[PDB]
Amino acid sequence: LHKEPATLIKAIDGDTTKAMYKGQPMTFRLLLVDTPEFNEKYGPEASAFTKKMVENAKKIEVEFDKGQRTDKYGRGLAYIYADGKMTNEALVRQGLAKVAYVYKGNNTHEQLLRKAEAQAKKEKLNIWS
Ligand SMILES: Cc1cn([C@H]2C[C@H](OP(=O)(O)O)[C@@H](COP(=O)(O)O)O2)c(=O)[nH]c1=O
Ligand SMILES: [Ca+2]
């Protein structure tokens, strides 16, 4: 897989963000994770975590997997990197997202993220507390 440029347009919630990609505005949904909705427990904390990560970065990058690049809603499906650090993994490692929506053919980083989840759950963090 390859990292490609994007620029933050606006934070949305723990697993979605609006970014400009190839010069067009898109809503991205993070691959392989599920954060709580803003109205659910840890929802606001997941939103805040992603917002800080993406806003504070000097650069963001999007990395598509081998399969579908957009979902049925027209959202981009990607791994999003903030100054080289993967937001999808960082959410899972903090217990602010579960590994989820693991579809065959768009699951390159599955095991990386499952390892992060096992660590979060061993540490009883957030959703696992
Ligand atoms: C993460 C991801 C979500 N989706 C779809 C499945 C879910 O459909 P439904 O809307 O019918 O439940 C929805 C979950 O997104 P949200 O967690 O953002 O609600 O997005 C994909 O199709 N591909 C994906 O990789
Ligand atoms: Ca969600």
Side-chain angles (χ1 to χ4, degrees):
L1 305 187
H2 295 288
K3 295 166 183 66
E4 293 182 59
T7 56
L8 176 68
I9 291 169
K10 74 179 80 153
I12 310 167
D13 79 347
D15 60 22
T16 64
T17 195
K18 196 169 187 206
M20 191 184 288
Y21 171 67
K22 292 184 163 171
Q24 303 299 333
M26 285 182 56
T27 295
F28 285 89
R29 174 64 167 87
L30 293 185
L31 285 169
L32 305 188
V33 307
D34 190 37
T35 50
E37 304 298 325
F38 186 86
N39 73 308
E40 290 159 4
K41 191 157 184 220
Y42 298 109
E45 292 69 22
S47 290
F49 182 95
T50 296
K51 175 172 199 305
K52 172 180 184 177
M53 203 167 167
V54 297
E55 276 179 2
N56 291 2
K58 307 144 197 149
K59 75 178 175 188
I60 69 160
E61 300 169 279
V62 300
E63 177 182 62
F64 295 101
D65 208 318
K66 293 306 194 129
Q68 279 298 304
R69 292 191 175 197
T70 50
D71 67 16
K72 68 194 178 182
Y73 303 118
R75 302 184 299 177
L77 295 173
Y79 310 105
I80 296 184
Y81 295 81
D83 286 335
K85 193 189 178 191
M86 199 205 302
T87 54
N88 309 55
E89 184 194 9
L91 283 156
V92 173
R93 183 58 186 88
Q94 294 301 313
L96 286 175
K98 292 184 167 176
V99 180
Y101 295 106
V102 183
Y103 299 97
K104 106 173 258 145
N106 257 351
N107 72 335
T108 294
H109 297 313
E110 179 183 4
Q111 173 55 40
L112 179 79
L113 269 48
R114 294 209 185 272
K115 179 62 172 293
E117 186 172 271
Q119 297 159 319
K121 196 182 300 191
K122 181 167 89 215
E123 307 175 355
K124 262 83 128 320
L125 284 185
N126 290 313
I127 288 171
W128 310 112
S129 73

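The basis for the numbers below is simple: all heavy atoms, side chains too, and nothing from hydrogens, waters or symmetry mates. The residues of the chain are indexed from 1 along the displayed sequence.
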Please determine whether residues [X] and [Y] belong to a single hydrophobic cluster, defined as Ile, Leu, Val, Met, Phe, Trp and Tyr linked transitively by side-chain heavy-atom distances below 4.5 Å.
| X | Y | answer |
| --- | --- | --- |
| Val54 | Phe38 | no |
| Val33 | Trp128 | yes |
| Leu1 | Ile60 | no |

Can you see which heavy atom on [X] is nearest to which on [Y], and at what distance?
| X | Y | value |
| --- | --- | --- |
| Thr87 | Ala82 | CG2-CB, 4.5 Å |
| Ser47 | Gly14 | OG-N, 3.4 Å |
| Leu96 | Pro36 | O-CD, 3.4 Å |

Output all residues satisfying salt bridge (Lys or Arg N to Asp or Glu O under 4.0 Å) with [X], sequence neighbours left out; order by chain, then residue number.
| X | value |
| --- | --- |
| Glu40 | none |
| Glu117 | none |
| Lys98 | none |

* To do: Step by step, work out the side-chain contact (heavy atoms from CB on, under 4.5 Å) result for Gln94 and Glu45.
  => CA-CA 10 Å; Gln94 294 301 313; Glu45 292 69 22; over 6 Å; no

* Test side-chain contact (heavy atoms from CB on, under 4.5 Å) applied to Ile9 - qualifying residues, sequence neighbours left out ->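 side-chain contact (heavy atoms from CB on, under 4.5 Å) check on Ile9 returns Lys18, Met20, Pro25.
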
To the nearest 0.5 angstrom, please state how far the [atom1] atom of [X] sits from the [atom2] atom of [Y].
| X | Y | atom1 | atom2 | result |
| --- | --- | --- | --- | --- |
| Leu31 | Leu77 | CG | CG | 5.0 Å |
| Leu112 | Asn88 | CG | CG | 9.5 Å |
| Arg93 | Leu125 | CZ | CG | 6.5 Å |
| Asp83 | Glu61 | CG | CD | 8.5 Å |
| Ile80 | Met86 | CD1 | CE | 11.0 Å |
| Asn126 | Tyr42 | CG | OH | 5.5 Å |

Check whether [X] reaches the backbone of [Y] with its side chain - one donor and one acceptor, N or O, closer than 3.5 Å.
| X | Y | value |
| --- | --- | --- |
| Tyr81 | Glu63 | no |
| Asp15 | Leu30 | no |
| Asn106 | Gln68 | yes |
| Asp65 | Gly67 | no |
| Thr17 | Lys10 | yes |

Would you call [X] and [Y] a salt bridge, using N to O less than 4.0 angstrom?
| X | Y | result |
| --- | --- | --- |
| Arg29 | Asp13 | no |
| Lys104 | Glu110 | no |
| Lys51 | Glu55 | yes |

* Sub-4.5 Å side-chain heavy-atom contact between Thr108 and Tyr79 ->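 Side chain of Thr108 against side chain of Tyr79, heavy atoms only: contact under 4.5 Å found.
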
* Taking C-beta and beyond as the side chain, do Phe49 and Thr35 meet within less than 4.5 Å on heavy atoms? ->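 The answer is no; the side chains never approach within 4.5 Å.
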
* Partners of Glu37 by side chain to side chain donor-acceptor pair (under 3.5 Å), sequence neighbours excluded? ->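 Scan of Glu37 (side chain to side chain donor-acceptor pair (under 3.5 Å), adjacent residues dropped) gives none.
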
* Asked: Taking it one step at a time, do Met53 and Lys85 satisfy side-chain contact (heavy atoms from CB on, under 4.5 Å)?
  -> CA-CA 9 Å; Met53 203 167 167; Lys85 193 189 178 191; 3.5 Å; yes

* Asked: Which residue, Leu91, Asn107, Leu32, forms the side chain to side chain contact (heavy atoms under 4.5 Å, CB included) with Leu113?
  ->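 Of the listed residues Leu91, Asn107, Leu32, the side chain to side chain contact (heavy atoms under 4.5 Å, CB included) partner of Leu113 is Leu32.
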
* Stepwise side-chain contact (heavy atoms from CB on, under 4.5 Å) test for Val62 and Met26 -> CA-CA 11 Å; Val62 300; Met26 285 182 56; over 6 Å; no

* Please identify each residue that fulfils ring pair (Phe, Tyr, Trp, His ring centres under 6.0 Å) with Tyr21, with sequence neighbours left out. =>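 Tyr21 satisfies ring pair (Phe, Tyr, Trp, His ring centres under 6.0 Å) with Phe64 only.
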
